[PDB]
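The next block holds one structure in the form of structure tokens; read it before the comments.
Scope of the values below: all heavy atoms of this structure, side chains included, with no hydrogens, waters or symmetry mates. Chain naming here is simple, since letters A, B, ... match the order of the sequence lines and numbering starts at 1 in each.
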Number of protein chains: 2
Amino acid sequence: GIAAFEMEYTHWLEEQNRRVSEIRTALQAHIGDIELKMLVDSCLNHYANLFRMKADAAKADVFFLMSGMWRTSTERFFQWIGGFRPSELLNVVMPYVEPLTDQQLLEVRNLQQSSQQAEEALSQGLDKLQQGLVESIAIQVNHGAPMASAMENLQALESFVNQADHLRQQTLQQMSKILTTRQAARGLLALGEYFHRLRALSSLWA
Amino acid sequence: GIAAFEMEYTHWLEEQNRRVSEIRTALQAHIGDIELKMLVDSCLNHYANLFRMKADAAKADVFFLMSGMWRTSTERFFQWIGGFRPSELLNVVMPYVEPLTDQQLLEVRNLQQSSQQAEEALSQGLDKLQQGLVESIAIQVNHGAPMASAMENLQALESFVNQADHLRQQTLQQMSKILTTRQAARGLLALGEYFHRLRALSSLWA
Ligand SMILES: CCCCCCCCCCCCCCCC(=O)O
Ligand SMILES: CCCCCCCCCCCCCCCC(=O)O
């Protein structure tokens, strides 16, 4: 399952590079909103596919998915529950989706605050689960309960990952409704270049 | 380098199982201190070889060594800077090295307190390094400085790992001087069975 995920993610990155390049070329050519929206929607569809493949990987090996060892070294410094922190990515793209109207500014900052609150609450719940596993493993005839208990805890860990990816996807979705097509394209370009620069830097660390 | 480490560690575990079994058989046969000390010293030599292979792996890929992803899932709940926490392992073996004399009790508790203090200080330094890398990567013509800076930071991370393994080895060494051969054998048996039980439990999580 993890081998399949790593191959799928490799191909996902190749397609990500293409979709980011396509939107770069479109912004530079100042193409109209209709053609540009197709590229925005393609980028959004591509992220949706990432979340799908991550959900499968979490079922296959939640610990590996959580370790971030499938991402590059520099990306791991910015990981929160199996991916990036949406509240921080909002700061990354903020200068590029500007200028924002007053209403858009209120909507984006609201979204950032609510994502921050959701991230903190999920982190607190995951912390409680993890500390409790530390304590319970430490204490721990096999009639089947130990494996069943392990599967309950794996399901609980997977739920945290799923909820974190849900928050990431929901934040991307809500930005796509706040922003015009052109603002969204600029934000997606910035987000894509951010991820690419982190991966490029990891090559220097290797 | 990491592929070589994982193969070396696999063979290390196979030999660990043999050395733990050999000392189990010896304790049960109530063999004399001279033959028993050979088995104690073999166990100590085997841990020394673990630290050697870990030092090579830290040079090859410090992040992988630190991730603990080369250990089994349940062991990762108990990892501190690239391995187990010596102060906690002292608690694991304490019931089995008993009865201790008053002097031995003072020496062991002293060692546990000093290891705890060293662990906290190393954790604080690693935390400062890591938070500073988060901040500096976030801020970050290439004339060679970015790679050189990465190598300085990798060397600093490797130093923390090396210092943590030094503390682990020093604690094992100092226990071997406090304890009689028979107490040491009982403690090594307990430590070995502890690690084996954690690995066995990880099979249930998989
Ligand atoms: C129309 C969108 C413009 C740009 C919006 C950026 C802010 C949304 C943050 C969520 C991005 C999700 C991608 C991360 C995937 C992962 O962590 O594995
Ligand atoms: C004579 C020794 C008796 C038993 C002493 C146990 C307490 C010492 C703790 C250090 C053990 C080191 C093994 C861990 C290796 C690792 O973390 O990678």
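- Contact annotation for B:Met69: only side-chain heavy atoms (C-beta onward) come within less than 4.5 Å of a heavy atom of chain A.
- For the atom pair B:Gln140 CD and A:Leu198 CG, the distance stands at 9.5 Å (nearest 0.5 Å).
- Put simply, the side chain of A:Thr74 does not reach to within 4.5 Å of the side chain of B:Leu133, judged on heavy atoms.
- No more than 12 heavy atoms of other residues, nucleotides or ligands sit less than 6.0 Å from atom OH of A:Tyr96.
- What you find for A:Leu154 and B:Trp205 is that their closest heavy atoms are CD1-O, 3.4 Å.
- Here the straight-line distance linking atom CD1 of A:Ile137 with atom CZ of B:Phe78 works out to 5.0 Å at 0.5 Å rounding.
- Distance CD/A:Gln131 to CZ/B:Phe77: 10.5 Å, rounded to 0.5 Å.
- Here B:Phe64 contributes atom CZ and A:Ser73 contributes atom OG; the two are 14.0 Å apart, rounded to the nearest 0.5 Å.
- Considering every non-hydrogen atom in both B:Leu204 and A:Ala150, the closest pair reads O-CB, 4.3 Å.
- At most 12 non-hydrogen atoms from other residues, nucleotides or ligands lie less than 6.0 angstrom from CG of A:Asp102.
- For chain A, no part of B:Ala206 is nearby; none of its heavy atoms comes within less than 4.5 Å.
- Taking OG of B:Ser202 as the reference point, atom CZ of A:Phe63 lies at 8.5 Å (rounded to 0.5 Å).
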